[PDB]
Every structure is written in structure tokens, then in C-alpha cells.
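Working notes, beginning with the structure itself.
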Amino acid sequence: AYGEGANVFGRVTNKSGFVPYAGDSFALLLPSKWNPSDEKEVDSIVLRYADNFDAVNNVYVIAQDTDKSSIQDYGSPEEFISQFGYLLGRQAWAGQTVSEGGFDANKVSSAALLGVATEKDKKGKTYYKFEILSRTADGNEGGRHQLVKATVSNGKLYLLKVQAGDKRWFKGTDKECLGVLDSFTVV
Amino acid sequence: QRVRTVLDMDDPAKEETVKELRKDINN
Amino acid sequence: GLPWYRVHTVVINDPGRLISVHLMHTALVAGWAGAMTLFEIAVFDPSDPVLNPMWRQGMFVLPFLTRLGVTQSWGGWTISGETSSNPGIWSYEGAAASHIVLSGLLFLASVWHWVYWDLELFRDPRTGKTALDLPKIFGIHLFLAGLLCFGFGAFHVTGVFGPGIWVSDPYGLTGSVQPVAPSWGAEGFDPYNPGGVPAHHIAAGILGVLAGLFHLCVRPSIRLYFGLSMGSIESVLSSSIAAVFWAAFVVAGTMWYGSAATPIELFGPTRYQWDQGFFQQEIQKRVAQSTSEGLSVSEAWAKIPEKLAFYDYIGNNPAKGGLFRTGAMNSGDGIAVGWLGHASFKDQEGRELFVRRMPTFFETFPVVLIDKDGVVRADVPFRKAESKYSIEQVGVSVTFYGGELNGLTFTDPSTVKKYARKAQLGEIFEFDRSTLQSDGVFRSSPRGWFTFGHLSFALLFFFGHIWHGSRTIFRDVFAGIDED
Amino acid sequence: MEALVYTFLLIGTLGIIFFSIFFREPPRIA
Amino acid sequence: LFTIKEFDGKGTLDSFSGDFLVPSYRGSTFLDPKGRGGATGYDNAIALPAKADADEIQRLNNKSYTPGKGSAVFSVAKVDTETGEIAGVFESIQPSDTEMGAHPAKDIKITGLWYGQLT
Amino acid sequence: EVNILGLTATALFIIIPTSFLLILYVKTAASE
Ligand code: CLA
Ligand code: CLA
Ligand code: CLA
Ligand code: CLA
Ligand code: CLA
Ligand code: CLA
Ligand code: CLA
Ligand SMILES: CCCCCCCCCCCCCCCC(=O)OC[C@H](COP(=O)(O)OC[C@@H](O)CO)OC(=O)CCCCCCCCCCCCCCC
Ligand SMILES: CC1=C(/C=C/C(C)=C/C=C/C(C)=C/C=C/C=C(C)/C=C/C=C(C)/C=C/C2=C(C)CCCC2(C)C)C(C)(C)CCC1
Ligand SMILES: CC1=C(/C=C/C(C)=C\C=C\C(C)=C\C=C\C=C(C)\C=C\C=C(C)\C=C\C2=C(C)CCCC2(C)C)C(C)(C)CCC1
């Protein structure tokens, strides 16, 4: 390799904890600690990054070819997230249970909506923003926080989805999850 | 016959195959 | 008196009773060989040579008997599936009975040498005291060993007078005892070349005969005699033990890694054959060659032999059993009775998934089904409440293309998950677990048991050699220096 | 084993009678 | 699981009875000593790769958590007029735990005192 | 498939009295 001197009295080149990523008509600041992973749950996923510590803390974007011109044409944002109640993962258990505690009858998972927004960045196209607390009957990570930023630019729906366990969310991964959320800009 | 397909055929089931560990520079 | 760990030292300066105790040990070993062979013949089931071979039945000395030529028994059967011709005197039971008769004769000779120990042959004519000319004894023994090595390599294994040795297919499909032509080139040093064994034994026998003649004719130097204590039997004990565990380490290594002297059809497959996808790669190559030229699926797989699919199965893995999982491999997970076929899995829209095979390190492994490209597409999840990978929502179907299941496609129930879990172990086989009341946990091969016993014995004999070399170099201080 | 045990017992009895015939104690007092 | 949840009472003040919902005992996220379970778990004999046939179905495949029901009879005694405080006795019949559905449940008879304040 | 209960019975009935008699004979011949 080429010979160059070591870094002495040369300061540090990265402290923000966020590295830019430019993709197919989208750009976002990924967490610097996180690393890429080739695990496509939904086939529409084009980019996926996950935490090296705990892979529940993960982020991915989907590039779904769509018909509706603008995100407002998907109706109310509630109507939009009702359509997207499939990328949360349906329960693989079908047995009867009234013993979960704090859940509906025969159910072992629940999702609570905590945010509904129509944020804008630079052009005028609106961004549907959502926060969802997903509580599973086992209580893993104390629940999972799903932050969704969705829009369509040309003819493809671009939906950010960062995941964070409630255990890590209370520790302080909220800053990085919200940083990815605000840095997802579709250009 | 298809050495590229059979190499990919044994790609998912077992990553430690000789056929994979040999000539892996070209892949 | 003597301590319990010293009672065998009474025959150090008694050559006749040393010969007696050597004869006693030799009788015990030959009697064990005969009795062990008869036990394995009594508990052996020769009905299915293909799907229930000897290494699946816990046979230990039968592969070693087979490797050098005996194949048929007095019961009229042969391990190759052929019905027996005339076995002569040298069948399995005949060799066992010969070992038992030899054991009795050696017992009688041991008794005679115990009683008649004060033979003038063991007395030095020059001084009158008891002594052994150990360099000359070594020369005689090396000459005899070289003669035996040359005879075994030039007459037995080459087939000019003997039967030969076991030569098999590279994938262990067809194998038999055949004469072997020696390989005198660099290929003769190929461990898997059967020709390197006659060439080795011929050359080593010639060289051993030459070295035995040299030791018969030439006396050692005084410096080397005093340095190695050649007048002492404890020094030759240490050196012999050293050579013995060297050979034990060598045989354990060749046992574990496989060689031409370690046939797959006799000692079972290898953990490196499982890890490196030997039988799996050959099976897939045969299926691809048949499918690319003519024969379609479900009939190309029928061309796959039953023995090869049995070799491609982690239950035949020697590195899968346990230390206290005792007994035959059949007692582990049943006697194999048939090959259900190649479990092929498809998605709901249609693409062939593959169950990730279990490595040897894992007592248990997660059941995942991943794509041709190398991306996880389905699994049998633990949590069963998340993502898009559970079987019941991916919608994979298993088709099967083999013997009992040739066109039976299962898509809806948990039988798909069960077949995926069976497919992570290799080729799915039908097992009878009621004949021997089988356990369920995998057992070890005779190859693994041989390797473990010989490596443990090799380290124990390393300690024994170190202790004996200590004792023979330090004889003056182990006995006494008398205030000086 | 089945026949091996019978053979072992028979040859053990034969060895015992052989030792009794040949390697007995010398007959003292008449 | 000693429950009186979802219990309706029909009858007079001297004696009124009814039925109540009895949950399983364990949730579907409960794992057995071998890690097998319902909603989460193994649902397979992981200890040995050659035993999942039609004999462990009671232990692996079913894993039932279906709720049962129990019958309790109540009685009102020692009524209070000024502040509406009733304290009678009860006798409750309900099934026991089926563990994980492996064996049938026994019937538990629970007798004791109950107390209430009326507003 | 080996009658090992009978094998154990025969082996013990051979070993125990033979060893007992041999020990008695050895201790008798050692001290005349
Ligand atoms: C190094 C020589 C060697 C090797 C490699 C084998 C290998 C094998 N033998 Mg074998 N055997 C041997 C010598 C050997 N044997 C000898 C010398 C005898 C005469 C006693 C026998 C008699 C014999 C019988 C009767 C049988 C076998 C069987 C078997 C097979 C089953 C696996 C097994 O052994 O169980 C497990 C092995 C172990 C658990 C090893 C024990 C580990 C350590 C040494 C124990 C420590 C001892 C401890 C201090 C004592 C306290 C215990 C106490 C509380 C009881 C296997 C391939 C079986 C078979 O398949 O039938 C053909 C069978 O039934 N063998
Ligand atoms: C140390 C090297 C070596 C070894 C391990 C073997 C091993 C073997 N040889 Mg062999 N051979 C060798 C060197 C060797 N050979 C050499 C140098 C030659 C050239 C002369 C031959 C030529 C040769 C021929 C022509 C044949 C064999 C055969 C065999 C196989 C069975 C015979 C046997 O040895 O049983 C074990 C033998 C003993 C343990 C000897 C014991 C002596 C007894 C106690 C005498 C008692 C008398 C009587 C036999 C007792 C009756 C027994 C019973 C019926 C009651 C066997 C695997 C035969 C074969 O092909 O297998 C089918 C065969 O026909 N060999
Ligand atoms: C007439 C003599 C004779 C014959 C023909 C046989 C024949 C046989 N024996 Mg055997 N045996 C004999 C005597 C004999 N034995 C005696 C006297 C004993 C008591 C010590 C034994 C104890 C015995 C046991 C425990 C076993 C056999 C077994 C066997 C069978 C397979 C042998 C095999 O493949 O192992 C391979 C043989 C070897 C690997 C020997 C290699 C010798 C080493 C490598 C020598 C290296 C050091 C050397 C000094 C270096 C020299 C220098 C060089 C330049 C010359 C075979 C039929 C096996 C069997 O299946 O049971 C029936 C078995 O396990 N025998
Ligand atoms: C362990 C001792 C040993 C012994 C006794 C032999 C013996 C033999 N070798 Mg061999 N060899 C050995 C080790 C040994 N080799 C090793 C470690 C290797 C490397 C893996 C080789 C690679 C080798 C090759 C490639 C060939 C032989 C060949 C031969 C045969 C004729 C060679 C010759 O001497 O003619 C006279 C030698 C010459 C005119 C010039 C020497 C150059 C040759 C090509 C190399 C072989 C030299 C060999 C090591 C000499 C061993 C000395 C021995 C005869 C005392 C002969 C019987 C030849 C053969 O297959 O026979 C048909 C052959 O082509 N050997
Ligand atoms: C041209 C004639 C000829 C031919 C064709 C051969 C052919 C062969 N010989 Mg050979 N040899 C010959 C002549 C010939 N020899 C002569 C004239 C002599 C002198 C008498 C020898 C002495 C000899 C020895 C001593 C050995 C061979 C071995 C071999 C085989 C090597 C391949 C193998 O089996 O695995 C590979 C074998 C090895 C890797 C062993 C190498 C030794 C290593 C370093 C041992 C390491 C263990 C040691 C205790 C270190 C500690 C390890 C630690 C972790 C504890 C091969 C088939 C080997 C054998 O017996 O095969 C099993 C062997 O050990 N030969
Ligand atoms: C062929 C190899 C060999 C031979 C010929 C000898 C020979 C001898 N050893 Mg030695 N030794 C060996 C290997 C060998 N050893 C090994 C491998 C080790 C490491 C474990 C030792 C460690 C050792 C020590 C520490 C000592 C000796 C001593 C002695 C001397 C007499 C003491 C004695 O045996 O009384 C009788 C021994 C017993 C009654 C032991 C009881 C039986 C044991 C506990 C179980 C036997 C297992 C089973 C029945 C046999 C299967 C083993 C086999 C498969 C290997 C004697 C000359 C002693 C000495 O130096 O002399 C003063 C001494 O203290 N040895
Ligand atoms: C823990 C290691 C060790 C130790 C401390 C000893 C110590 C002793 N051994 Mg011994 N030995 C050993 C290992 C050891 N040995 C091994 C592994 C073998 C092969 C099985 C032998 C075989 C052996 C024999 C045959 C004899 C002794 C004897 C003796 C005694 C006499 C002094 C002597 O010559 O030593 C031995 C000298 C060495 C161990 C030096 C080895 C240095 C090597 C050769 C350097 C080679 C490096 C080279 C680059 C290869 C590396 C390649 C790599 C990839 C493998 C002495 C107390 C003699 C005795 O009779 O006892 C009284 C005797 O005759 N030893
Ligand atoms: C099937 C074929 C036959 C089967 C083989 C049968 C083998 C028979 C003999 C085997 C047993 C040998 C008996 C040894 C008899 C014996 O040991 O005698 C004690 C002996 C002491 O010997 P001395 O030096 O006193 O010898 C002088 C004489 O008086 C004794 O002969 O110790 C040793 O030799 C080795 C040193 C430590 C050995 C003892 C320590 C053992 C550790 C135990 C730890 C317990 C607690 C652990 C808790 C963590
Ligand atoms: C006299 C005589 C005879 C013969 C007889 C007989 C029959 C013999 C035998 C014998 C035998 C039949 C033997 C066998 C044996 C056995 C052995 C010798 C063994 C052993 C052991 C061991 C060594 C072990 C070890 C161990 C242990 C301790 C446990 C387990 C594990 C191990 C391995 C570790 C006749 C009449 C013919 C003729 C001539 C004379
Ligand atoms: C008399 C004499 C003498 C002595 C000798 C000796 C001392 C011998 C020995 C020997 C021995 C030391 C032996 C041993 C052995 C062993 C055996 C014989 C065995 C076996 C086997 C079996 C049968 C077992 C089985 C089993 C198992 C495997 C496991 C499970 C359980 C059981 C236990 C059942 C002298 C030389 C001085 C002099 C001359 C003569």
C-alpha cells in the first residue's frame, strides 16, 4: 500500500455520528455506528442498515411502484397507515388466549399511534410522519418504536422506517432515530 | 453441467463447500 | 515390600519372565481379538449392506478384518451384498477362532517361560551374569519386521499371492477387496492413492531388511552406548513407547482425515466430507448433468443411488455423537429403511428456497430457508409474531422427488416446517426407531471412537515415554548416589 | 454369544481335567 | 388461577350464582423448561433430532391456551343500611391448571368470605 | 442380540468361586 504518516496532532474527522447516503432519488443520514445488512424482509426494500449491537434497532427504505400521484391522494394519514399494517408482521400464532394481559382477545401484539404529521422540506411535496409503539405480549425490548416517513416523488413510494426497541429508546437512541427521521429527504 | 448454477445451488445450503472455497478470487 | 505401582518391576532383570509376561499380554490381546470378532458377528445384521452397513451398527474390528481381505462368513453371507462362495478357513469366525487358538498357545508358552526362566541363553558367557545383547536383538527384530513388511507389501496387497486390500469408489458407492498395483512415483505419496501402500511396504521392508543386516553386523559405538544406556531395558522401553505413540498420533490423524487405508464404506464418512459438501456436491452435480441432458426432475433424482444420499446425512457424521452416547449409530436415531427423497421448497409466487444445513459445532440449529442469491426468505421463527419469514405467511411448499415421496406436494400444514427441519440435517431418510428402542440423539462413528481412543492413548503414552526416559537417564539418582 | 460360552466352558473343563491328570500334587502316604 | 373475572349473578339475596371466565394459567409467551411454547417457543423436541412423531403432539403441536369457565354461588349476609356494606360468603367451582394442555384439569372448590360497598 | 443377563450370570458364577478358590489356594501354598 501507499506510505503515509500516522495521525498526530491532526484532530478528528467525524464527531456528528451521522454519515450521508445518496441513493436512487433519495438521500438520508445513516447512523455512523450502524452497519449495512442484506436482510430484505419486504421485497420492496432497497436499502437496509442495522445496529451492530442489537439488530432490532434497524432502518430501511422501500421503493414501491405506485399509482397515486401524491401522498395526499392516499387519503388521510390514518387511512395510509391502515394500508401499511402489513410491514409490521402478522402474528404466526392462531391459538386462543385471554391470558396475555393488556391485549385484545386472542391477540399477542398491538400497535399504538403516537404521531400523525404532514411535514415538508424543500419543494412542497408533503411527508407523512408517524410514530408507532408496538407492544408484543412477551414484552421484548419493552416494545418497539416505529418511525415512518413516507412520500412519493415521481411514481414510487419512498417510505423510511427506522425501528428502535423501547429499551434502547429510553437509553438515548432517540437522538439517532430522530436524526435519521429528519434527514430522510427525497430529492 | 452448469458450474455457475450448481455453485449457486450449493451456495445457500452450505457455505463451507470445497467448490466455493476454490477459485473464489474470480467471484 | 513393593508398592502396587511397582509390582511389574520384578521382571526387569529377568529376561525369561519378561518373555513370559510379553507372551501373557500377547495371549490376552489375541483372545480379545477373537472374542470381539465373535461378539460383532453375533450382533451384526448383514441384511442391508447399502442402508445399514457395519459402521452404522457400531462394528469395530470387522472393518479392519474386511480391509485386509476377509469378506464372507460361515453363515453364507458377504458384506458386499453378494452371497458367499467357499469361505475356506479364513472367514470372520475362522479368523476369530484362529486368534482364540493362538491366544491359548501363547498362554501355554507364557506358563512355560514363567516356570523355566533360568535359561543359559539369557546368561552372558563372558561374565556369567544375566544380560541381553540389545543391539543384536534389535537387529534380529528389525530384520524380521522388514521381512514381514516386504511380504505383506509384495504378496498380500499386490494380489500375487494374497487377496489385496479394500478399494472403493471416490464417493464410496462400489468397493471390494482387490489386488493393488504399487505406485512408485510422487502419486505413491498421495494418502488417498491405494497404490502407495504396496510401494511403501515393499520399499520399507527392503530398507528394514538392510538396516537389520547392518545392526546384525555392526556394533554400536561406546559414546552412543553410554549416552543412550543401550545396556538397559528401560531405555529401549522409553524409545519403543516413543515410537508407539508417534504411530498412534499418525493413525489417529489418518483416521480422522481419511485415507486410502481408511475406506468410507468400512469406517463411515468424514466430518470434513460433511463440512466441505462432498456427497452433496456430487449429488447436485449428478442431478444437474441428468437435467441438462434429457431426463427431467423426479426421474433424474431417481437416478441418485440410495447409498450416496445416505452418505449426505449429518446423522452419519463422526463429529456429531457424544462421549457417553454409547453404542451403535442405529441405536441413536433408528435403522434407516428408505430415502424419502430430495425435499425441494418453493415460495408462494414460485422460487426455489434451500434449508441451511447444520454445521458440526451446533447441537441444534435454527431452521431457515434462504434464496438462490443468498438472502433469507423464510424460517421457522422462535418468536412467531413478527416480520415476513414465518412459513405460514411466506407459503413455501415441499415437493419431494425420491423413493417413498416422489410427487407428494405439501404446502399448507406444519409438515412443511417438519420437512424443513429434517432437511437441515441433509437428505431426509425414514428410520425405524422401535427395533432397537432408539434414543433420538446422534451417536458417533467407529472412526470417531478409534480416533478418540488413540489420541487419548497417544498423550498417555507421551507421558509414559517422558517418565521412562526420565527413569533411564536418571538411574543413579532414582536409586541412590551414596552421599556424593 | 451362544455357542462361544458353551465352547469356553467345555474347554475350561477339559483344561481342568488335563491339569488334574498331569500337574497334580504327588501322591503321599500310600 | 383463582378467578372471579367476568362473573354474572342471577338470583335472590339469599343465594345467587352464575358463571365466570377462567383464563389458562400461563400466557402464550410462557416457555417450558425445554423452551417450547405457544406464541413464542420451539414447538419441537430440540434435545433430540429424531423425536417429533405422532406421540409428542400433546406436548409440542397442541400447546392449547383455551380459557375455561367456572361456576360460583354467592350469598348475602350482614347487610348495612347507612352506608351500603354487604359481606356474605361464597362457594366457587373452577378448573385447575392444564399446565400447557398436556393433562386434564381437576376441579377446585373455593369457599370463603366476600365483601362489598354499594353506592 | 445377546442374552446379556445370562452372560452376566454365567460370567459371575464362573469368576467369583474360581477367584475365591484360587485366592485360598494361593494363600495356602504361600504359607505352608
Ligand atoms: C480403543 C479401543 C476401542 C474402541 C475405539 C471401541 C469402540 C466401540 N466399541 Mg468397544 N471394546 C473395546 C475397545 C474399543 N471399543 C474393548 C477393549 C472391549 C472389551 C471390554 C470392548 C467391548 C465392547 C462391547 C461389548 C461393545 C463395544 C461397542 C463399541 C462401539 C460403541 C461405542 C462405545 O464404545 O461406547 C462408548 C464408549 C465409552 C463411553 C468410553 C468410556 C469413556 C471413559 C474411558 C470412561 C472412564 C472410565 C471410568 C473412570 C470408570 C467409572 C465408571 C463407572 C461408574 C461405571 C464403538 C465403535 C458396542 C457395540 O457397538 O457393539 C458392537 C458394544 O456393545 N465395545
Ligand atoms: C502381518 C501381515 C499379514 C496380515 C495381517 C495378513 C492378514 C490376512 N491374510 Mg495374509 N499374507 C501375508 C501377510 C499378512 N496377511 C503374507 C506375507 C503372505 C504371503 C505368504 C500372505 C498370503 C495370504 C493368503 C494366500 C491369504 C491371506 C489371507 C489373509 C486374511 C485371513 C487370514 C488370516 O491371516 O487370519 C489370521 C491367522 C492367524 C491368526 C494365525 C493363527 C495361527 C493358528 C493359531 C494356528 C492354529 C491351526 C488352525 C488354523 C486352527 C483352526 C482354527 C479354527 C478353524 C478352529 C487376513 C486378513 C487369506 C485371505 O485371502 O482371506 C480370505 C488368504 O487366503 N494371506
Ligand atoms: C499369525 C499372526 C497373525 C495374523 C496373520 C493376524 C491377522 C489379523 N489380525 Mg492379529 N494379532 C496377532 C497375530 C496375527 N494376526 C497377535 C500375536 C496378536 C496379539 C498381539 C494380535 C492381535 C490383534 C488385534 C487386537 C487385532 C488383530 C486383528 C487382525 C486382523 C486384521 C489385521 C489388521 O488389519 O490390522 C492392521 C495391522 C497393523 C496396522 C500392524 C502394523 C505394524 C506397525 C505399523 C509396525 C510399525 C513399527 C515397526 C517395528 C517398524 C519397522 C521398521 C520398518 C522399516 C520395517 C487380521 C486377520 C484385528 C481384528 O480385526 O481382530 C480379528 C484386531 O483388532 N490382531
Ligand atoms: C522414501 C524413499 C524413496 C524411495 C526408496 C524411492 C524410490 C524410487 N522412486 Mg521416489 N520419491 C520419494 C522417495 C523415495 N523414492 C519422495 C519423497 C518423492 C517426492 C514426493 C519421490 C518422487 C519420485 C518421482 C517423481 C519418481 C520417483 C521414482 C522412484 C523409483 C526410481 C527412482 C530411481 O531411483 O531411479 C533413478 C533416479 C534418477 C535417474 C534421477 C533421480 C530423479 C528422479 C526422477 C526422482 C526420484 C529420486 C528418488 C527420491 C530416489 C530415491 C532413492 C532410493 C532409490 C534409494 C524408485 C523405486 C520414479 C518412478 O516413479 O519410477 C518409475 C519417479 O519418476 N520418486
Ligand atoms: C517409494 C516408496 C515409498 C512410498 C510410495 C511411500 C508412501 C507413503 N509413506 Mg513411506 N517410507 C518409505 C517409502 C515409501 N513410502 C521408506 C523407505 C521409509 C523408511 C523405512 C518410509 C517411512 C515412512 C513413515 C514413517 C511414514 C510413511 C508414510 C507414507 C504414506 C504417507 C501418506 C499418508 O498416509 O498420510 C500422511 C502421513 C503423515 C502426515 C505422517 C507424517 C509424520 C508426522 C509429522 C507425524 C506427526 C505426529 C507427531 C507425533 C507430532 C506430534 C503432533 C502433536 C499435535 C501431538 C505414503 C502412502 C506415513 C504413513 O505411515 O502413513 C500413515 C508415515 O508416517 N513412510
Ligand atoms: C507399553 C507401555 C508401558 C510399559 C511396558 C510400562 C512398564 C512399566 N511401568 Mg509404565 N506407563 C506407561 C506405559 C508403560 N509402562 C504409560 C502410558 C504411562 C502414563 C499413564 C505410564 C506411567 C507409569 C508410572 C507413573 C509408573 C510406571 C511404572 C512402570 C514399571 C512397573 C510398574 C507396574 O506396571 O506395576 C503395575 C501397574 C498397575 C498394577 C496399574 C494398575 C492397573 C491400572 C490402574 C489400570 C489398567 C488398565 C487396563 C486393565 C489395561 C488397559 C490399558 C492399555 C489399553 C494401555 C514398568 C516397567 C512405575 C515405575 O516407574 O517403576 C518403578 C511407575 O511408577 N509407568
Ligand atoms: C516434550 C518434548 C520432548 C522432550 C522433553 C523429550 C525428552 C527426551 N527424549 Mg523424546 N521425543 C519426543 C519429545 C520429547 N522428548 C517426540 C515428540 C518424539 C517422537 C515420538 C520423541 C522420541 C524420542 C525417542 C525415540 C527417544 C527420545 C529420547 C528422549 C530423552 C533423551 C534426550 C533426547 O534425545 O531428547 C529428544 C530430542 C528432542 C525432542 C529435540 C527435538 C528437536 C526437533 C527434532 C527439531 C526439529 C524442528 C524442525 C524444523 C521440524 C519442524 C517442522 C514442524 C512443522 C513439525 C529425553 C529425556 C530417547 C530415550 O531413549 O529416552 C531416554 C529416545 O531414544 N525421544
Ligand atoms: C478389568 C481389569 C482390571 C481392572 C483394573 C483394576 C485396577 C486396580 C487398581 C486401581 C486403583 C489403584 C488404587 C490406588 C491406591 C493408592 O492410591 O495408594 C496410595 C499411593 C501412596 O503410595 P505409597 O507411596 O504410600 O506406596 C507405599 C505402599 O505402602 C503403597 O503401595 O498413592 C499413589 O500411589 C499415587 C498418589 C496419589 C493417588 C491417590 C490420590 C487419588 C485422588 C483421590 C481424590 C479423592 C477426592 C477427590 C475430590 C475432588
Ligand atoms: C488354553 C488353550 C486354549 C484356548 C482357551 C481360550 C478360549 C483362551 C481365551 C481368552 C479370551 C477370550 C480372552 C479375551 C479377553 C479380554 C480381554 C483381554 C479384555 C480386556 C480389557 C481392557 C483392556 C479394557 C480396558 C478398558 C476398560 C478398563 C473399560 C472399558 C474401556 C477401556 C478400553 C479403557 C484351547 C482350548 C483353544 C487350545 C489351546 C490351549
Ligand atoms: C497365570 C499366569 C500368569 C499371570 C497372568 C495374568 C495376571 C493375566 C491377566 C489378565 C487381566 C488383567 C485380564 C483382565 C481382563 C479384562 C476382561 C477379561 C474384560 C472384559 C469384558 C467385558 C465382558 C465387559 C463388559 C462391559 C462393558 C464393556 C461395559 C458395560 C459393562 C460391562 C462390564 C458388562 C503369569 C504370566 C504371571 C505366569 C504364567 C501364567
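Convention: sequence-line order gives letters A, B, ...; per-chain numbering from 1. Just so you know, ligand 1 is whichever comes first in the structure, and atom 1 is the first atom listed for that ligand. Just the heavy atoms: all of them, side chains too, but no hydrogens, waters or symmetry mates, feed the values below.
C:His99 NE2, 3.7 Å is the protein heavy atom nearest to atom 8 (C) of ligand 3. At the shortest separation from atom 32 (C) of ligand 3 among protein heavy atoms lies C:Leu68 CD1, 4.1 Å. Atom 62 (C) of ligand 1 has C:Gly58 O, 3.3 Å as its closest protein atom, hydrogens excluded (heavy atom only).
Figure legend: C:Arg17 and C:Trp114 shown as a cation-pi pair, the cationic atom lying under 6.0 angstrom from the six-membered ring centre and within 45 degrees of its axis.
Looking at C:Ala242, C:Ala203, C:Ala247, C:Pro198 and measuring to atom 13 (C) of ligand 5, the nearest heavy atom belongs to C:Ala203. With atom 25 (C) of ligand 1 as the reference point, the heavy atom nearest to it among C:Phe450, C:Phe452, C:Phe39, C:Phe267 is part of C:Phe39. With atom 44 (C) of ligand 5 as the reference point, the heavy atom nearest to it among C:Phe249, C:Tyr192, C:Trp246 is part of C:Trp246. The option from C:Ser240, C:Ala145, C:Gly31 that lies nearest to atom 51 (C) of ligand 3, judged by heavy atoms, is C:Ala145.
Distances from ligand 1 to the non-hydrogen atoms of C:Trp32 include at least one value under 4.0 Å.
Residue C:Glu40 touches ligand 1 through its side chain alone, judged by heavy-atom distances below 4.0 Å. If you look at C:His454 next to ligand 1, there are no close heavy atoms at all, none under 4.0 Å. For C:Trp449, heavy-atom contacts with ligand 1 shorter than 4.0 Å involve the backbone as well as the side chain.
Aromatic ring centres of C:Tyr272 and C:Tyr257: separated by under 6.0 Å.
Heavy-atom proximity to C:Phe64, at under 4.0 Å, picks out these atoms of ligand 3: 31 (C), 34 (O).
Side-chain atoms of C:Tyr313 and C:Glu427 include no donor-acceptor pair closer than 3.5 Å.
The neighbour count for C:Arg219 CZ, taken as heavy atoms of other residues, nucleotides or ligands under 6.0 Å away, is above 12.
Contact annotation for atom 2 (C) of ligand 3: protein absent (non-hydrogen atoms, distance under 4.0 Å).
Looking at residues two or more places apart in sequence or on another chain, you find no ring pair (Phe, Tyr, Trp, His ring centres under 6.0 Å) involving C:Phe463.
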